[PDB]
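Student: Protein chains in written order, with our numbering: chain A, 1 to 92; chain B, 1001 to 1093; chain C, 2001 to 2140; chain D, 3001 to 3140; chain E, 4001 to 4004; chain F, 5001 to 5004; chain G, 6001 to 6005.
All C-beta atoms, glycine included, are put in the ideal place defined by N, C-alpha and C.
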Amino acid sequence: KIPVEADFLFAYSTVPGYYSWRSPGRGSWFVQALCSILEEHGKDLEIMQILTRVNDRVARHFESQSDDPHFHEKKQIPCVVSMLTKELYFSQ
Amino acid sequence: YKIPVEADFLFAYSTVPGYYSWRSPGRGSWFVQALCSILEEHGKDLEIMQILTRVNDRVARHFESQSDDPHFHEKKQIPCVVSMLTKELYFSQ
Amino acid sequence: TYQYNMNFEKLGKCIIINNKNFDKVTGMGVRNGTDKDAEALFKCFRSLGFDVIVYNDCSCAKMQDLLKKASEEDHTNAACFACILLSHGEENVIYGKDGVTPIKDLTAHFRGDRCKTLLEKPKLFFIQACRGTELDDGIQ
Amino acid sequence: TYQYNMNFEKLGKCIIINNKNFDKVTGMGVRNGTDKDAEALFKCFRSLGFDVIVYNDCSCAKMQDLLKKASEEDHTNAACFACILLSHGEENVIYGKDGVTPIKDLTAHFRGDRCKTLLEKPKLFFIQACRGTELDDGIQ
Amino acid sequence: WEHX
Amino acid sequence: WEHX
Amino acid sequence: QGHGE
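(1) Could you tell me which residues DSSP puts in a beta bridge with residue 2101/C?
(2) Is the Cβ of residue 1088/B closer than 9 Å to any Cβ of chain G?
(3) Mind pulling the chain A residues with CB within less than 8 Å of residue 2033/C?
(4) Which chain F residues sit within Cβ distance under 7 Å of residue 49/A?
(5) Please report the residue range of the beta strand (DSSP E) in which residue 2051/C lies.
(6) Taking the DSSP output, what are the residues bridged to residue 1081/B?
(7) So for residue 22/A, helix, strand or coil by DSSP?
(8) Below 6 Å CB to CB, which residues in the same chain sit around residue 3006/D once its five sequence neighbours on both sides are set aside?
(9) Residues of chain G with CB closer than 7 Å to the CB of residue 1041/B, please, in chain order.
(10) Whole angstroms are fine: how far does the CA of residue 3117/D sit from the CA of residue 2127/C?
(11) In chain order, what residues of the same chain lie with their CB nearer than 6 Å to the CB of residue 2059/C, ignoring the 5 residues before and after it?
(12) Going by DSSP, name the residue or residues bridged to residue 4003/E.
(13) Could you give the first and the last residue of the continuous beta strand (DSSP E) run that contains residue 3123/D?
(14) Determine whether the Cβ of residue 3133/D lies closer than 9 Å to any Cβ atom of chain B.
(15) At the level of alpha carbons, what is the spacing between residue 2009/C and residue 2077/C?
(16) Short of 8 Å in beta carbon distance, which residues of its chain neighbour residue 42/A, apart from the five on each side in sequence? Order them along the chain.
(17) Residue 3121/D to residue 2140/C, Cα distance in whole Å?
(18) Would you mind stating whether residue 3103/D and residue 3053/D have Cβ atoms separated by less than 9 Å?
(19) What residues match up with residue 2012/C in a beta bridge as DSSP calls it?
(20) DSSP state of residue 3033/D, grouped into three classes?
(21) Should the stretch 1013 to 1023 of chain B be called in touch with the stretch 1069 to 1082 of chain B, which here means at least 3 C-beta pairs below 8 Å?
(22) Going by C-alpha to C-alpha distance, which of 2048/C, 2002/C, 2042/C, 2094/C sits closest to residue 2064/C?
(23) Using beta carbons (cut-off 9 Å, strictly below), is residue 1044/B in contact with chain C?
(24) Does DSSP classify residue 1033/B as helix, strand or coil?
(25) Give the range of the beta strand (DSSP E) segment to which residue 2070/C is assigned.
(26) Which residues does DSSP pair with residue 2086/C in a beta bridge?
(27) Please report the straight-line C-alpha distance between residue 2083/C and residue 2012/C, rounded to a whole angstrom.
(28) On a CA-only basis, which of 3068/D, 3019/D, 3018/D, 3004/D is nearest residue 3109/D? Give me that one, please.
(29) Taking 9 Å as the CB-CB cut-off, is residue 1057/B touching chain D?
(30) Give the secondary structure of residue 3039/D by DSSP, where H, G and I count as helix, E and B as strand, and everything else as coil.
(31) Out of 2071/C, 2111/C, 2072/C, state which residue places its alpha-carbon closest to the alpha-carbon of residue 84/A.
(32) Checking 9 Å against the spacing of the C-beta atoms, do residue 19/A and residue 2132/C come in under that value?
(33) Would you say residue 3138/D and residue 1075/B are within 9 Å of each other, going by their C-beta atoms?
(34) Between the Cα of residue 1049/B and the Cα atoms of 1041/B, 1089/B, 1038/B, which residue gives the shortest distance?
(35) Just checking: is the beta-carbon of residue 1066/B within a distance shorter than 9 Å of some beta-carbon in chain E?
(36) State the Cα-Cα distance for the pair residue 6004/G and residue 1047/B, rounded to the nearest angstrom.
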């Protein structure tokens, strides 16, 4: 038998309860980071290594800019939830 | 410049949201038994996510609750890993 | 062994739900830049080997039907499945053009007991949406 | 690079909360087998290089205070931090012998802005507890 | 087995 | 910079 | 494959 919830992987652009920043001209932070890491390592890195790098890229390379002193200089950290039971590579 | 306050946290739950987690009165829980087992064998040479992925497999496969009730009989369990880590994690070197 | 088997004819189907415009009743504004994401995403997953299709401004019933239908297909020759949701959202839920729909109800359709052809195969969901209103201030 | 820097004087503190007995009023029963898990974990984490501490039958106030004080010590010379919770639970909650307390409130003491010395360092939490009352039946 |  |  | 430290 196999657990019915097994082998699922969720990659949220943000941890529970927070905002996800999106730039009208450049697109969202999460997607931007995800695409650049995948278009450069998608074929050679394990899914978890990839998303970990996306996590860092989003946590570092970004910082919001808005008027309201309340939404000024804000950060973001993606969240990965894994029920995988094997390593995942998109090749071979 | 800055870093998110929620960054660098990793949560390894014995079960997915909304479900039970099994434990033996003489053996211990499935998640812990598995975790310790894998850590003994690979704690020093596997990335944290590799170890927990292997722990997910072991819990999902090896075990099955043996109870004399149609409801609690032969049920499964799948661990859950939540990661906000921003780097690979090795416990040595 | 220790890695999922990728030795199949197809890598898998990739559903990209790109919600940009919403109904007035929802009170949600236009998600400018979401088209930029959808296209970058389309190329990336396409390059990985996915057979991706992009559905725009979907209603909650539409998103529900899309996922349900996709779970009913035959993935016997597929290595895995992937779905990307781009929309407005709140903790545990996501917005259709006409309202909100539970994220679990979207992914539940793929539980092992409801999609035999994807059993033991990875099911991936990438979500770009909000999950609350708290802001991360950062430190140092 | 891509790995957390592990070159510190010590690997880190490993806090184990071993909850076995609960107040009759909580309606919770004895968790037989938990000492088995607690000893296995301690032996296992000591081998990894952690300075492990084992706590038993903790109240909610104790769990909270215990972790708050840990987040206030000086971790400057540690590579990371690890906490393991063994108790009864429900979605988002962990039991004390006392009653119930949110997991988020226990881990928040270590957020980046409340524990500057563990900043940019991995904060690990292993949790053995239930998170609802559903049973996974299995497949195949 | 029992549950937690 | 807006939000979702 | 196999990760490399």
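Tutor: So, from the data block:
(1) 2094/C
(2) yes
(3) 22, 23, 24, 25, 26, 27, 28
(4) Neighbours of residue 49/A on chain F: none; closest Cβ ~26 Å, over 7 Å.
(5) 2050 to 2056
(6) 82/A, 1012/B
(7) strand
(8) 3079
(9) Correct list: empty, because the minimum Cβ distance to chain G is about 16 Å.
(10) 32 Å
(11) 2096, 2097, 2098
(12) 1022/B
(13) 3123 to 3128
(14) yes
(15) 6 Å
(16) 50, 90
(17) 14 Å
(18) no
(19) 2050/C
(20) coil
(21) yes
(22) 2094/C
(23) no
(24) helix
(25) From DSSP, residue 2070/C is part of no beta strand (DSSP E) but of the alpha helix (DSSP H) over 2060 to 2072.
(26) 2018/C, 2128/C
(27) 10 Å
(28) 3068/D
(29) no
(30) helix
(31) 2111/C
(32) yes
(33) yes
(34) 1089/B
(35) yes
(36) 9 Å
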